[PDB]
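Tertiary structure, described
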Amino acid sequence: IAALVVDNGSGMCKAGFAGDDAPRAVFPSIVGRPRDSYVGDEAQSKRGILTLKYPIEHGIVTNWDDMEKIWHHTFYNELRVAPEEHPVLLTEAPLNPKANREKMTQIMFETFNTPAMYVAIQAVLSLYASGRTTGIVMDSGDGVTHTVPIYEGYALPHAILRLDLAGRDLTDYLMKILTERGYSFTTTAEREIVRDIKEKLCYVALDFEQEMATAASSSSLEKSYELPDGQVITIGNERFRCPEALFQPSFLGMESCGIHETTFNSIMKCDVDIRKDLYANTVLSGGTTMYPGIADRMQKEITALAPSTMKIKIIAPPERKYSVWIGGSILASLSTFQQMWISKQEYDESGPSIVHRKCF
Amino acid sequence: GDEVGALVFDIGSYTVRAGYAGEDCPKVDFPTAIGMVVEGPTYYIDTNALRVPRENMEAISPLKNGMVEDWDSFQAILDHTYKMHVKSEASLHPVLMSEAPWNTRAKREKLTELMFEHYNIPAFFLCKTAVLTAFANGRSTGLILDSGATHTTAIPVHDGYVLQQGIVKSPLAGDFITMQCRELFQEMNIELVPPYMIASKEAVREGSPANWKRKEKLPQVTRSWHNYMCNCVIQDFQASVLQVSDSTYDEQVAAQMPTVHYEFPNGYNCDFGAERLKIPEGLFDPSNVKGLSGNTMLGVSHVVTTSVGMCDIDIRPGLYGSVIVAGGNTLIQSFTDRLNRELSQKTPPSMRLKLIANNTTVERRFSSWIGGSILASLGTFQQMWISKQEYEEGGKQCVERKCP
Amino acid sequence: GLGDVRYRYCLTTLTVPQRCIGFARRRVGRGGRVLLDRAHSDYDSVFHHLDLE
Amino acid sequence: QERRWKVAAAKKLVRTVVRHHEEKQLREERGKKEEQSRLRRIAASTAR
Amino acid sequence: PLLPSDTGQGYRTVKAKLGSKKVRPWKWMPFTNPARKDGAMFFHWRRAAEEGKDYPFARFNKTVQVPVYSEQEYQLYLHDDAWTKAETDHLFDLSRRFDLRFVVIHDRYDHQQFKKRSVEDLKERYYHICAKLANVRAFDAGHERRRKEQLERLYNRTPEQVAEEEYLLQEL
Amino acid sequence: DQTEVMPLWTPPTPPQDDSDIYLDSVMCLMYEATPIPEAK
Amino acid sequence: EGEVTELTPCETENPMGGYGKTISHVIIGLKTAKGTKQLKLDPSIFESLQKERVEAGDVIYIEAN
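So, how was this worked out
- Residues numbered from 1 in each chain as written, not as in the entry; some residues may be left out.
- Chains lettered and ligands numbered in written order.
- Part of a larger assembly, values for the part shown.
- Heavy atoms only, no water.
- Residues with missing side-chain atoms left out of burial classes, pairs and counts.
- Axes fitted to C-alpha atoms, helices over the stretch in contact; angles between N-to-C directions.
- Helix = DSSP H or I, 4+ residues; strand = E, 2+ residues; numbered from the N terminus.
- Parallel < 35°, antiparallel > 145°, perpendicular 65-115°, else oblique.
- Left-handed = near helix turned anticlockwise from the far one by under 90°.
- Contact = heavy atoms within 4.5 Å.
- Nonpolar A, V, L, I, M, F, W, Y, C, P; charged D, E, K, R; others polar.
- Buried area = accessible area lost by both parts, 1.4 Å probe.
- Salt bridge = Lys/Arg side-chain N within 4 Å of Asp/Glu carboxyl O.
- Polar contact = N/O pair within 3.5 Å; in protein donor to acceptor, adjacent residues only side chain to side chain.
- Pairing = 2+ DSSP bridges.
- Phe/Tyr/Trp six-rings, centres within 6.5 Å; stacked < 30°, edge-to-face > 60°.
- Buried < 20%, exposed > 50% of the residue type's maximum accessible area, 1.4 Å probe, protein only.
- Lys NZ or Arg CZ within 6 Å of the ring centre and 35° of its normal.
- Core = buried A, V, L, I, M, F, W, Y, C linked by side-chain atoms within 4.5 Å.
- Domains from an automatic or database assignment.

Per the PDB record, this model was obtained through cryo-EM at a reported resolution of 5.28 Å.

**Focus on the packing of helix α5 (residues 174–188) of chain B against helix α8 (residues 275–284) of chain B**
Residues and elements named next belong to chain B. Interhelical geometry of α5 versus α8 gives an angle of 140° and a closest axis separation of 11 Å. Classified by the angle between their axes, α5 and α8 sit oblique to one another. α8 is crossed by α5, and the crossing has right-handed handedness. In this structure, α5 contributes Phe176, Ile177, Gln180, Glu183, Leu184 and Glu187 to the contact, and α8 contributes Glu275, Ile279 and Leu283. For the contact of α5 with α8, the residue count by class is 5 nonpolar, 1 polar and 3 charged.

**Concerning the arrangement of the chains**
In this assembly 14 pairs of chains touch, with chains B and E having more contacts than any other pair. Between chain A and chain F there is no contact; the minimum C-alpha to C-alpha separation amounts to 17 Å. When C-alpha atoms are compared, chain B and chain G, though not in contact, are closest at a spacing of 36 Å.

**Section: the interface of chain E and chain B**
The figure often quoted for interface size is the accessible area lost as the parts come together. With 23 residues of chain E in contact, the opposing surface of chain B contributes 31 residues. Summing both sides of the interface, chain E and chain B together bury roughly 2200 Å²; the carbon and sulfur share of this comes to 54%. Linking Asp2(B) and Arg46(E) is a salt bridge whose minimum nitrogen-to-oxygen distance equals 3.9 Å. Our count for the contact surface shared by chain E and chain B stands at 9 residue pairs in polar contact. When residues in the side of chain E that touches chain B are grouped by element, the largest group, 5 residues, is from strand β2 (residues 41–46) of chain E. A per-class count over the side of chain E that touches chain B returns 12 nonpolar, 3 polar and 8 charged.

**Description of the sheet that holds strand β2 (residues 15–20) of chain B**
All names here are of chain B. The strand order across the open sheet formed by 5 strands is β3-β2-β1-β8-β9, and the pairing between neighbours is mixed. Strands at the two margins of the open sheet, each flanked by one partner only, are β3 (28–31) and β9 (126–128). If you compare each strand with its neighbour and ignore which way they point, the axes differ by 20° on average. In this structure, β2 lies alongside β3, joined through 4 bridges in antiparallel fashion. When the bridges of β3 are listed, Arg17 appears paired with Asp29. Each of β1 (7–11), β3 and β8 (95–99) is contacted by helix α2 (residues 71–86), which is oriented at about 135° to β3, the strand it contacts most.

**Some points on the packing of aromatic side chains**
Residue and element names in this part refer to chain A. The full count for this structure, using the stated rule, is 38 aromatic pairs over all chains. When the centroid spacing of 5.3 Å and the interplanar angle of 90° are considered together, the rings of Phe75 and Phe112 count as edge-to-face. Of this pair, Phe75 sits in helix α2 (residues 64–79) while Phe112 sits in helix α3 (residues 98–112), and the two are 37 residues apart along the sequence. The exposure class assigned to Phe112 is buried, which follows from its relative accessible area of 14%. In this structure, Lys321 is placed above the aromatic ring of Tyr322, and the distance from its NZ or CZ to the ring centre is 5.0 Å.

**Considerations on the nonpolar core**
Formed by 55 residues in total, the largest nonpolar core has its most connected members in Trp71(A), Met108(A) and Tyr118(A). Split by domain, the residues of this core number at least three in each of domain 1 (2–122 + 324–360) and domain 2 (123–164 + 258–323) of chain A. Setting aside residues no more than four positions away along its own chain, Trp71(A) makes contact with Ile107(A), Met108(A) and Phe112(A). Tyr20(B), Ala21(B), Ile121(B) and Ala376(B) belong to the second largest nonpolar core, which has 39 residues in total.

**What to know about the pairing of strand β2 (residues 33–38) of chain C**
Residue and element names in this part refer to chain C. What you see with β2 is a clean split: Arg33, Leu35 and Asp37 sit on the buried side and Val34, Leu36 and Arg38 on the side with no burial. Pairing between strand β1 (residues 24–29) and β2: 6 bridges, direction antiparallel. The residue of β2 that forms the bridge with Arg26 is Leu36. Once β1 ends, the chain turns through 3 residues before running back antiparallel as β2, passing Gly31 with a positive phi of about 60°.

**With respect to the sheet that holds β1(C)**
If you walk across this open sheet you meet the 3 strands as β2(C)-β1(C)-β1(F), and the pairing is mixed. Each edge of the sheet is formed by a strand with only one pairing partner; in this case those strands are β2 of chain C together with β1 (8–9) of chain F.

Here you go:
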């Protein structure tokens, strides 16, 4: 017997088994395609005859065959397990059309025929991992953004906010500015190298303007990084020019409310009676979202814009790159949730819609 | 799968709602209004465009007394919905919409034509909002009260059919509450310092002068847009202060409440007293409104009496079996309790009275959308579809033949 | 005496976790699933007397 | 009824998880306390 | 005041019984409803094998039933005296569409264009027309009108007066 | 309050033959007729 | 009556002197078909139940008084 946990990040799949602390296998979620279509890094290794593909576009599915095959290869190589003797837990972004839910339910049941299945939003599982009752979740995921005010382990779809800005667009902008600095970054290797440089030295400025003054005056901000070719890159203001775009969509030519502005909008969309508690129950999301000076700066910005009459107690788990998967393992490791699973015969007797009848 | 991937849409006096069929809640919502920057032109919809400051917005509400105003705006808003939220080709998906008690047949034909031809919808349907809400309560013959943002109307229903005669287009609504807040500000003399023009809201106490900083980067806005975002602020304040005296109002009784410490965008925060209860009592009777001798409006109990009397005798017990609420302005506290008190007083005990128990914001507002999804779910209704083939055949004129 | 045709409820207990369930009635649901709806009446809080005191 | 019921399900799940976190931490603490008590006891064995 | 739902899992104790039992597939198949004369093609999540079965749910085609006249009934059998052929036709059409909800018919009957007539006026007129047709081809307006005016009088009975009326009645 | 299994609520069924029925809201008087409403 | 679900002591070092490895009293989780519960059991009764073959998954006749 085994327990299966499947976390499908915006651009990287990270699966594991209930009770485990970390995913079994992890890798970017890309799909090869011959001009046999291979999976993720498997496809990447064969770039010559396989073309990169992202089934999780916008944080959303594209073609059922693509993730059919990602699961195929997952099971056959990474897990190398027989899930059809174990429950299958899956997660989704909020506001997903019922079409996708029924489609994935049917694909599971027919293609793989696993006994027990169940689905639940990523944000609520991450909150479960965070061990708190009522609050607001910021979904600074990897490909898309959302703001989920969860109450009593229960969320209101209307109150949620959406935005398809995440580490991929941040990396694209950082690549653009680095090229503007006098460098160049075109192919996949360059994209991943830019993401590497970001993950290494990029951080979140406190006072972006005095931060500019210091970067243009204090060269300490300007730092040296060995590129894969060995090239040393001076990186000063650009260490944090991109992250400030999060509060300023104008950085990329986009127009919208900043991240904390978005959060204030969301909390307003809730009921006032518990917005103080929500403030007390901030959240963070995304392994691509732990950059230094981020939690404190966001705390300051909320304290400013959010009325001080309420308590703004931030919550910044430094280990949130897997929050969703960790919460999923925790949930799958609960007694009262075992009953809640959904059997294959239940589908055979009710069809895919049973998921929308029970899977909540 | 006796349900097809249909989409239900609900647009009320205050905001715009919609969502899949058979679901618990409408998927999304956003302000009824749209910000216009005259130069196709620059349309500002949803918060990121509307509330966030820009230059030269002339916000426009394409609605009026539940009527279609700016057909181009409706088309643009539908496209905005589709792209920004749904991201689907409803041409592949049946759709339907509610309707007003009084929507012109001309405009209904216009929208039917537009839907079928442009939006390529596979099927359509229409029905009155109050009918949807009554369905939501699982009711066939009752009285609907809605304090939408625009009006405060009462409309009875029978066997799932509205009484055309029962329409009451009372003015009072969240607009009236905004006017009350404005007269309150006047009598106690606080201006409107909108948040957008405040860089920092510095520390300030009760009575303290408005201390704040402005962000220099603020291209000027229009009086329409700025006034309407101020109106949003005012409605937020009302919600923060919503309440009505449960009995005959008294100034000192209302003052006995501890003045609630409400803060403003500038950071200033004073404490408000009996005014929040002096104001609403007029809603239950406009005559008693001090200063404004409103008489054209019918007090709450007066509305009840009018609606009941204008019906016929036989079903009035049936209508009294149900009483329903709806609308953006229905957020008021002491709403239903004082409503029922005024009933028990003015409403004779001769006929048994019974209300509808629903007060959550979800129910209290989107009962109509809930009823719409409810109807969409039913397996028998499919014979009542409206195939696009039939529309192609008989123009948009099929509506009169198939819709009385 | 109120005369509600469909609101006819009754007491009973359950098989495995036997106990006074309170005024409840079975009812069909979506997907052809029966569901027990337990009511909430004048004696809701006192659903343990037994022996018809 | 479905509306009524899923809210209850969410509530019970929240209670379960909060309780789980609670015993996790209590077990951690009491394990530490027992460890130090055992160390004192072995030192008392030295004293024996 | 909640509702438990059926549970089939309970516990991880059901390893077997599935490998021998295939999950009968379901498909989002098209279909047509007979109740829609145009036969609009819609879709069902049928279990694949259940393909082509007539629409099982459209068997409820029960409707109201109203008679008709062409040239003589309105002048020979159902010979009208107060209505126009148009008024009889409009009444019967509202009946057919509204399935005999006379209050609905009247409230949706043109009183201005056609002769202004109370709901009971239309009721009695239809009674005459239909009974004439039935007997030739082979219902109490007055008493009910009296009873209804009595009802509305009693209803309007001022609440204090109703109070003393009931006080007497109980005092008996 | 011999002891009997409780009833159930179910969806409807196709009409083989008309079971036409309506329920008034008066719920006060006996629901057959009046014997002698007046000097008939 | 019931089925032995669990069994635990109420440890306490309060007793005078000595390594405080002492049990204030025992906690016994018992389950009948009606339900489950546990009761406070004095230290002496653990010796008794040792006497009997008390093991997880069996039932017992515990005279209250």
